[PDB]
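Colleague: coords below, sequence missing:
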């Protein structure tokens, strides 16, 4: 037993000594020797776990050697752990930091790995397993490990009809158990600050911001959108997807909109106001090809969901803000439907969306205004806010 363990340690030392390079033939040979390794041991586990973690602590402490690319030592370690099915159960922070790529250029981002394509292994399974462990450890380091997931996940775009597809295939988190972990960990300021110094990581991975918006800090989603407002400025195509995320929050909105609490409703209110600001201020720099006759349905559904739970009169600002948001993207999609890209998909998915918006607004108005506007005397208005609500609604 002990002799076998020392032999294993020697083999690990030899692999560490030779994986020094990774160009063309300095990884696959040791991969097919790890295959033999796994083939040997297949013919009181706490001590075994301690010894393997000692091995990891001894072969990763040189990089807290020409092995400098952390994003390859991470893959080697995770393959060793998850292929011999001897799970590492210690500081996931070290390994996750190893997968945290510091790439700053797209070509540099590619060549930083440049070899995950040459290895046709099931890296996706182990990546999903480490994400599951990131649930179970109540940590947030996987954010820096999100790009490497996008390195191995299917690097495929959308069909531009994003509102049809589910959230899992939208956020590039398919298979992984999505959003069971953030329940009652309201101390999300730690992970927010963890993002706050990773605008460099945001500038290298396009779907990374979309995924970060796809996580579920319901009450904390309001500050995130303006935190990296400069990231929105440099990349004026991720604001649209923001609404997509809010679309995927449509049920939860009803939940909070079924509470009618002043602060809980105010969260949705300033969320809508700030989304309006990031839409109107960034109108010119929106890519034309990013626009499609599919976000109009997103706004229609969001507006109809908003004007189906605000069963009061004091919350007349939410339907008005939803109408303003939908109006902003109808006027934005006008520059695509009419100017340049003349199509039959305009005009009609646009008349339908306008009709739906107006019908939802009038239905809300009927559902709030139950009594007459004159209170049996003809002097005062029964609703103190009625004229103000009318003035707000007709001037969108």
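Modeller: Structure's in. What do you need? Residues are numbered from 1 along each chain as shown.
Colleague: count of residues packed around residue 38?
Modeller: The local packing of residue 38 (other CB atoms under 10 Å) involves 13 other residues. C-betas here are computed from N, CA, C, even on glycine.
Colleague: element containing it, please.
Modeller: helix 28-41 (DSSP states H and E).
Colleague: what's the answer for residue 304, then?
Modeller: For residue 304, the host element (DSSP H and E) is helix 295-306.
Colleague: Tell me where the stretch 151-300 of the chain has helices.
Modeller: With helices called from DSSP state H, counting those that start in this stretch, the stretch 151-300 of the chain shows them at 167-170, 189-196, 199-202, 206-214, 221-227, 229-234, 238-248, 250-257, 262-280, 295-306.
Colleague: Generate CSV for those helices, with distance to residue 2 as supplementary columns.
Modeller: Converted to CSV, the helices of the stretch 151-300 of the chain look like this (distance: least, CB to CB, whole Å):
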stretch, distance to residue 2
helix 167-170, 47
helix 189-196, 42
helix 199-202, 44
helix 206-214, 46
helix 221-227, 53
helix 229-234, 54
helix 238-248, 55
helix 250-257, 56
helix 262-280, 61
helix 295-306, 63
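Colleague: possible to save the ones you listed as TSV with mean neighbour count and distance to residue 69?
Modeller: Formatted as TSV, the helices of the stretch 151-300 of the chain follow (neighbours: other CB atoms under 10 Å; distance: least, CB to CB, whole Å):
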stretch	mean neighbour count	distance to residue 69
helix 167-170	17	30
helix 189-196	14	23
helix 199-202	16	16
helix 206-214	20	20
helix 221-227	17	30
helix 229-234	14	26
helix 238-248	21	28
helix 250-257	15	41
helix 262-280	16	36
helix 295-306	22	39
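Colleague: so which of those helices gets nearest residue 394?
Modeller: With distances scored as CB to CB, the stretch of those nearest to residue 394 is helix 295-306 (16.4 Å).
Colleague: what's near enough to touch the residue nearest to residue 314 when sequence neighbours are not counted?
Modeller: Closest residue in space to residue 314, ignoring its immediate chain neighbours: residue 385 at 7.2 Å, by CB to CB, 6 or more residues apart in numbering. By CB atoms under 8 Å, 6 or more residues apart in numbering, the contact set of residue 385 is 313-314, 316.
Colleague: run the last query once more with 10 Å
Modeller: 313-314, 316, 368, 392 (CB atoms under 10 Å, 6 or more residues apart in numbering).
Colleague: Distance check, the residue nearest to residue 210 when sequence neighbours are not counted against residue 31.
Modeller: The spatial neighbour of residue 210 that comes closest, neighbours along the chain excluded (CB to CB, 6+ apart), is residue 241 at 5.1 Å. Distance of residue 241 to residue 31, given as CB to CB, to the nearest Å: 38 Å.
Colleague: Tell me how far the helix or strand containing residue 8 lies from the chain's centre.
Modeller: If you go by DSSP H and E, residue 8 is part of helix 2-18. Here helix 2-18 is found 41 Å from its chain centre; the criterion is CA atoms, centre = their mean, to the nearest Å.
Colleague: Next, the angle from that helix to helix 28-41.
Modeller: With axes from the mean of the first three to the mean of the last three CA atoms, to 10 degrees applied, the angle from helix 2-18 to helix 28-41 works out at 170 degrees.
Colleague: List of residues touching stretch 111-125?
Modeller: Contact with stretch 111-125 is made by 22-24, 26-28, 31, 69-72, 75, 78-79, 82-83, 101-105, 110, 128, 147-149, 151-154, 174-176, 204, as judged by CB under 10 Å, 6+ apart.
Colleague: check contacts around the residue nearest the centre of the chain.
Modeller: When CA atoms, centre = their mean is applied to the chain, the residue found nearest the centroid is residue 211 (1.5 Å). When contacts are counted by CB under 10 Å, 6+ apart, residue 211 touches 143, 146-147, 149-150, 170-173, 205, 245.
Colleague: Buried ones only from the contacts of stretch 111-125, please, as a ChimeraX command.
Modeller: Provided next is the ChimeraX selection string for whichever of these are buried by 16 or more other CB atoms under 10 Å:
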select :22,27,69,70,71,72,75,78,79,82,83,101,103,128,147,148,149,151,152,153,176,204
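Colleague: circling back: contact partners of the helix holding residue 38?
Modeller: 4, 7-8, 11-12, 14-16, 18-19, 22, 76, 79-80, 83-86, 115, 118-119, 121.
Colleague: one more time with 7 Å, if that's ok
Modeller: 11, 15, 18-19, 83-84 (CB atoms under 7 Å, 6 or more residues apart in numbering).
Colleague: Just the buried positions in the helix or strand encompassing residue 352, please.
Modeller: Element membership of residue 352 [criterion: DSSP H and E] is helix 349-368. Residues of helix 349-368 classed as buried: 349-350, 353, 356-357, 360-361, 364, 368 (neighbour count, 16+ other CB under 10 Å).
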